[PDB]
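Engineer: Let me give you the structure first, and then I'll get to my questions.
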Amino acid sequence: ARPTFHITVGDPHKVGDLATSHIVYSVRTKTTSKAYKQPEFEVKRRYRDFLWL
Amino acid sequence: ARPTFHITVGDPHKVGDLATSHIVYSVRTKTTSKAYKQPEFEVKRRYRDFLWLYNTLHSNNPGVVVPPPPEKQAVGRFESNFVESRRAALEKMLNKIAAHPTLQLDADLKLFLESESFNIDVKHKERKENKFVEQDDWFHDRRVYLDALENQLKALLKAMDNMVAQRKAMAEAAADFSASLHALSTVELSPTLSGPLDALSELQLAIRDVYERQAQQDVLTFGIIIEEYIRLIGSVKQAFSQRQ
Amino acid sequence: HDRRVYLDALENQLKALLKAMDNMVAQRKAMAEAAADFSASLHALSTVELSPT
Amino acid sequence: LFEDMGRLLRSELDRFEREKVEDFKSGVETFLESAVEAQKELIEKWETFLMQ
Amino acid sequence: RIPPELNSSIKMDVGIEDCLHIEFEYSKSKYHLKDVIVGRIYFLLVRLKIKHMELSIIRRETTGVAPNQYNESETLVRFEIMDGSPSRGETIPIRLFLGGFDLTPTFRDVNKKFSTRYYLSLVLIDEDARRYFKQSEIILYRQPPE
């Protein structure tokens with residue numbers, strides 16, 4: 001479950017030019033992990049969120 | 001060779017935000033075509049170059065077709081999808097044109113696909129620098145319908161939207177139904193009542209989900225394909241204009 | 001008091017569930033208006049196109 | 001040339017119209033499947049809650 | 001725990017009406033930790049296209065009291081017992097050795113705080129990946145050596 005966490009980071013919703021613009025990815029967790037609620041969730045995180053995270 | 005022209009449009013060097021910023025794609029022509037110099041060339045064209053180019057094809061071919069362009073931002077944002085549409089739109093435009101020997105013969109286009117510097121400097125370099133009535137009927141007949149049909153297609157398209165959007169609550173309804181269900185089922189400690197009530201949570205949602213699911217399943221499929229035609233139609237609308 | 005309080009909580013839930021139902025009936029609409037104009041859309045061109053198949 | 005453009009266009013046309021059905025057919029298919037599967041989705045949901 | 005006074009075979013007819021009817025049998029209700037599931041599946045009616053059939057040992061840990069119940073489920077074996085589509089009158093033998101899976105005994109209402117329980121779950125899968133199942137509790141016990 002813990003290593004059995006399945007992650008696709010896709011969908012490069014790359015917010016178009018600003019000279020600093022931030023790609024937002026699907027983060028699909030397909031997870032059989034019982035450390036992750038959803039057997040699948042997708043969130044669409046942007047760079048800033050992650051770095052912080 | 002003419003249809004045997006091989007094209008990957010990749011590498012979405014999507015120049016980052018400006019609110020109008022222009023994706024630059026590798027255009028790899030791997031081409032066994034003898035209408036294309038290079039057995040492989042990659043150029044890295046930007047949207048503007050192509051649109052022009054597309055127009056160029058329009059320009060060098062006097063009635064002799066020019067299908068739809070790289071995708072429009074006239075509804076597009078700059079979305080990966082949109083740019084993909086562009087990428088695709090090109091791919092398509094290109095694809096076809098390559099499997100039309102003539103549009104594939106535009107020299108600008110050879111240089112364009114087979115040289116990265118954009119359509120422009122290529123374009124200097126190259127110039128070394130039934131009777132009227134039925135047809136007109138036909139055209140207008142033709143037109144009129146396809147304007148109309150288009151309009152439906154938009155309507156239908158807009159239909160898509162709705163459904164998907166209205167995978168709404170629906171979702172929340174049955175998502176909260178599930179929670180709701182849960183909500184008293186949690187009050188209920190009465191275990192064996194808690195469980196079912198909760199079980200009813202799962203369900204509603206599960207179902208919810210399935211419901212929720214369906215736009216994406218089906219509606220979306222359609223919206224795309226609908227869109228596609230409309231893309232052609234737009235382009236042939238151009239096609240026509242060229243003819244005029 | 002235990003009793004009052006639970007069914008007070010449950011009441012606010014039942015008021016939220018009630019208004020959930022309202023939504024669900026509203027969210028059967030277009031949908032309806034959508035598939036009613038999606039039928040007309042498909043129908044429309046079938047009367048103007050002259051290719052039977 | 002302009003003539004021949006119309007001719008071509010017709011050739012293409014038959015080709016488009018023709019295309020068209022097919023797209024959707026597949027479209028229709030996406031749907032079809034989604035539905036049967038949906039009833040399936042329920043069925044597993046059922047199986048489980050029988051299993052409850 | 002010594003051999004039980006009563007150890008009945010688990011025998012049942014189950015189905016999906018007018019589609020699949022089966023009789024299954026397992027030789028005991030109570031197995032020791034190094035015991036063997038000897039059984040059979042018998043097919044009475046088959047109107048579905050069966051790709052494979054498996055026998056699963058499922059462990060359930062049940063924690064808490066009354067509506068405070070958490071159930072943790074773990075699938076400790078998946079043992080294929082049939083490859084392909086049978087017809088009516090066909091008998092499939094089961095021989096599943098428990099010594100290969102290192103199970104804990106069945107624990108029931110231990111200090112009124114938890115239970116650990118074992119289930120045989122028989123699963124049939126069709127060609128379109130549809131899944132038909134029946135779950136049956138089995139008591140596992142630790143044999144006293146002589």
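Scheme for the structure tokens: letters A, B, ... for chains in order shown; per-chain residue numbers from 1; ligand numbers from 1 in order shown.
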Once you count only C-alpha atoms, what closest atom pair and distance in Å to one decimal does each residue of stretch 161-214 of chain B within 10 Å of stretch 22-46 of chain C have, with rows by chain and rising residue number, as a Markdown table?

Structural biologist:
```
| residue | atom | partner | partner_atom | distance |
| --- | --- | --- | --- | --- |
| B:161 | CA | C:34 | CA | 9.2 |
| B:162 | CA | C:30 | CA | 6.5 |
| B:163 | CA | C:31 | CA | 6.0 |
| B:164 | CA | C:31 | CA | 9.5 |
| B:165 | CA | C:30 | CA | 9.8 |
| B:166 | CA | C:27 | CA | 6.5 |
| B:167 | CA | C:27 | CA | 8.5 |
| B:168 | CA | C:27 | CA | 7.2 |
| B:169 | CA | C:24 | CA | 6.3 |
| B:170 | CA | C:24 | CA | 6.3 |
| B:171 | CA | C:24 | CA | 9.5 |
| B:172 | CA | C:24 | CA | 9.1 |
| B:173 | CA | C:24 | CA | 6.5 |
| B:174 | CA | C:24 | CA | 8.9 |
```

Engineer: Within 12 Å of chain D, which residues belong to chain C? Use only C-alpha atoms and report them as a ChimeraX atom specification.

Structural biologist: /C:49,51,53

Engineer: Residues of chain A within 9 Å of chain B, counting only C-alpha atoms, what are they? List them as a VMD selection string.

Structural biologist: chain A and resid 11 to 22

Engineer: Can you spit out the residues from that selection as a PDB file, in the first residue's frame, using N, CA, C and O atoms?

Structural biologist:
```
ATOM      1  N   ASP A  11      -0.758  15.568 -18.026  1.00  0.00           N
ATOM      2  CA  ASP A  11      -1.644  16.637 -18.373  1.00  0.00           C
ATOM      3  C   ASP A  11      -1.020  17.955 -18.185  1.00  0.00           C
ATOM      4  O   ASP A  11      -1.312  18.616 -17.193  1.00  0.00           O
ATOM      5  N   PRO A  12      -0.155  18.356 -19.077  1.00  0.00           N
ATOM      6  CA  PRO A  12       0.749  19.413 -18.795  1.00  0.00           C
ATOM      7  C   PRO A  12      -0.009  20.620 -19.190  1.00  0.00           C
ATOM      8  O   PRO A  12       0.142  21.094 -20.306  1.00  0.00           O
ATOM      9  N   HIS A  13      -0.881  21.101 -18.281  1.00  0.00           N
ATOM     10  CA  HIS A  13      -1.720  22.244 -18.402  1.00  0.00           C
ATOM     11  C   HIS A  13      -0.769  23.269 -18.105  1.00  0.00           C
ATOM     12  O   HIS A  13      -0.556  23.591 -16.952  1.00  0.00           O
ATOM     13  N   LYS A  14       0.010  23.599 -19.130  1.00  0.00           N
ATOM     14  CA  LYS A  14       1.144  24.387 -18.905  1.00  0.00           C
ATOM     15  C   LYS A  14       0.519  25.617 -19.254  1.00  0.00           C
ATOM     16  O   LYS A  14       0.066  25.842 -20.367  1.00  0.00           O
ATOM     17  N   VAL A  15       0.351  26.425 -18.194  1.00  0.00           N
ATOM     18  CA  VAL A  15      -0.229  27.692 -18.353  1.00  0.00           C
ATOM     19  C   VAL A  15       0.756  28.387 -19.206  1.00  0.00           C
ATOM     20  O   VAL A  15       1.947  28.303 -18.952  1.00  0.00           O
ATOM     21  N   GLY A  16       0.245  28.949 -20.315  1.00  0.00           N
ATOM     22  CA  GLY A  16       0.972  29.598 -21.406  1.00  0.00           C
ATOM     23  C   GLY A  16       1.735  30.770 -20.885  1.00  0.00           C
ATOM     24  O   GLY A  16       1.391  31.297 -19.828  1.00  0.00           O
ATOM     25  N   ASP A  17       2.791  31.203 -21.611  1.00  0.00           N
ATOM     26  CA  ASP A  17       3.738  32.273 -21.275  1.00  0.00           C
ATOM     27  C   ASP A  17       3.327  33.398 -20.314  1.00  0.00           C
ATOM     28  O   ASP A  17       2.271  34.013 -20.451  1.00  0.00           O
ATOM     29  N   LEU A  18       4.289  33.755 -19.427  1.00  0.00           N
ATOM     30  CA  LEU A  18       4.283  34.876 -18.512  1.00  0.00           C
ATOM     31  C   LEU A  18       5.744  35.125 -18.220  1.00  0.00           C
ATOM     32  O   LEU A  18       6.083  36.171 -17.667  1.00  0.00           O
ATOM     33  N   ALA A  19       6.632  34.182 -18.646  1.00  0.00           N
ATOM     34  CA  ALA A  19       8.061  34.142 -18.414  1.00  0.00           C
ATOM     35  C   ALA A  19       8.375  33.540 -17.067  1.00  0.00           C
ATOM     36  O   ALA A  19       9.497  33.678 -16.581  1.00  0.00           O
ATOM     37  N   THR A  20       7.400  32.828 -16.450  1.00  0.00           N
ATOM     38  CA  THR A  20       7.520  32.332 -15.093  1.00  0.00           C
ATOM     39  C   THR A  20       6.350  31.403 -14.828  1.00  0.00           C
ATOM     40  O   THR A  20       6.175  30.899 -13.721  1.00  0.00           O
ATOM     41  N   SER A  21       5.498  31.190 -15.859  1.00  0.00           N
ATOM     42  CA  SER A  21       4.236  30.470 -15.832  1.00  0.00           C
ATOM     43  C   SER A  21       4.330  29.001 -15.394  1.00  0.00           C
ATOM     44  O   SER A  21       5.385  28.376 -15.478  1.00  0.00           O
ATOM     45  N   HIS A  22       3.220  28.460 -14.843  1.00  0.00           N
ATOM     46  CA  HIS A  22       3.413  27.384 -13.950  1.00  0.00           C
ATOM     47  C   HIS A  22       2.469  26.400 -14.493  1.00  0.00           C
ATOM     48  O   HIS A  22       1.305  26.638 -14.772  1.00  0.00           O
TER      49      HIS A  22
END
```

Engineer: Give me, as a list in words, the residues of chain B touching chain E, with the criterion being at most 12 Å (counting only C-alpha atoms).

Structural biologist: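 Residues of chain B within 12 Å of chain E, counting only C-alpha atoms: residues 184, 185, 186, 187, 188, 189, 190, 191, 192, 193, 194, 195, 196, 197 and 198 of chain B.
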
Engineer: Kindly export the residues of the current selection with N, CA, C and O atoms, as an mmCIF file, in the first residue's frame.

Structural biologist:
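Contents of the output file result_23.cif:
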```cif
data_model
loop_
_atom_site.group_PDB
_atom_site.id
_atom_site.type_symbol
_atom_site.label_atom_id
_atom_site.label_comp_id
_atom_site.auth_asym_id
_atom_site.auth_seq_id
_atom_site.Cartn_x
_atom_site.Cartn_y
_atom_site.Cartn_z
ATOM 1 N N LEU B 184 -26.197 10.248 8.878
ATOM 2 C CA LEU B 184 -26.919 9.741 9.998
ATOM 3 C C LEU B 184 -26.422 8.401 10.292
ATOM 4 O O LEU B 184 -26.824 7.772 11.253
ATOM 5 N N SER B 185 -25.647 7.815 9.393
ATOM 6 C CA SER B 185 -25.295 6.482 9.691
ATOM 7 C C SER B 185 -24.249 6.383 10.660
ATOM 8 O O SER B 185 -23.972 5.320 11.175
ATOM 9 N N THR B 186 -23.642 7.518 10.846
ATOM 10 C CA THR B 186 -22.641 7.787 11.767
ATOM 11 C C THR B 186 -23.213 8.216 13.030
ATOM 12 O O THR B 186 -22.519 8.230 14.030
ATOM 13 N N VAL B 187 -24.491 8.578 13.065
ATOM 14 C CA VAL B 187 -25.087 9.084 14.264
ATOM 15 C C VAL B 187 -25.469 7.816 14.870
ATOM 16 O O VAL B 187 -25.008 7.448 15.944
ATOM 17 N N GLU B 188 -26.191 7.058 14.080
ATOM 18 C CA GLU B 188 -26.454 5.708 14.311
ATOM 19 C C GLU B 188 -25.173 5.005 14.551
ATOM 20 O O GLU B 188 -24.341 4.926 13.667
ATOM 21 N N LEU B 189 -25.115 4.307 15.670
ATOM 22 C CA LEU B 189 -23.902 3.728 16.155
ATOM 23 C C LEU B 189 -24.267 2.348 15.942
ATOM 24 O O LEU B 189 -23.406 1.567 15.602
ATOM 25 N N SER B 190 -25.583 2.082 16.091
ATOM 26 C CA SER B 190 -26.364 0.917 15.956
ATOM 27 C C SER B 190 -25.877 0.258 14.762
ATOM 28 O O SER B 190 -26.232 0.687 13.684
ATOM 29 N N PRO B 191 -24.913 -0.603 14.956
ATOM 30 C CA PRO B 191 -23.787 -0.778 14.057
ATOM 31 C C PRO B 191 -24.195 -1.144 12.732
ATOM 32 O O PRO B 191 -23.490 -0.920 11.769
ATOM 33 N N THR B 192 -25.239 -1.934 12.770
ATOM 34 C CA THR B 192 -25.695 -2.767 11.730
ATOM 35 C C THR B 192 -26.712 -2.022 10.989
ATOM 36 O O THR B 192 -27.449 -2.578 10.190
ATOM 37 N N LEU B 193 -26.856 -0.770 11.369
ATOM 38 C CA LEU B 193 -27.748 0.129 10.813
ATOM 39 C C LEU B 193 -26.832 1.160 10.312
ATOM 40 O O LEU B 193 -27.086 1.773 9.282
ATOM 41 N N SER B 194 -25.718 1.403 11.033
ATOM 42 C CA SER B 194 -24.746 2.364 10.641
ATOM 43 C C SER B 194 -24.176 1.959 9.349
ATOM 44 O O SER B 194 -24.104 2.719 8.399
ATOM 45 N N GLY B 195 -23.771 0.697 9.292
ATOM 46 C CA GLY B 195 -23.230 0.068 8.131
ATOM 47 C C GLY B 195 -24.028 0.158 6.897
ATOM 48 O O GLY B 195 -23.495 0.593 5.892
ATOM 49 N N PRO B 196 -25.251 -0.243 6.872
ATOM 50 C CA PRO B 196 -26.096 -0.055 5.733
ATOM 51 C C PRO B 196 -26.299 1.358 5.367
ATOM 52 O O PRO B 196 -26.490 1.644 4.210
ATOM 53 N N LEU B 197 -26.428 2.256 6.332
ATOM 54 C CA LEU B 197 -26.714 3.609 6.019
ATOM 55 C C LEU B 197 -25.613 4.280 5.289
ATOM 56 O O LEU B 197 -25.720 4.911 4.253
ATOM 57 N N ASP B 198 -24.456 3.957 5.782
ATOM 58 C CA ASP B 198 -23.232 4.169 5.159
ATOM 59 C C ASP B 198 -23.143 3.450 3.883
ATOM 60 O O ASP B 198 -22.492 3.871 2.967
#
```

Engineer: Give the strand (DSSP E) residues of stretch 57-129 of chain E, as assigned by DSSP on the backbone, as a ChimeraX atom specification.

Structural biologist: /E:57-63,70-83,91-97,107-110,114-126
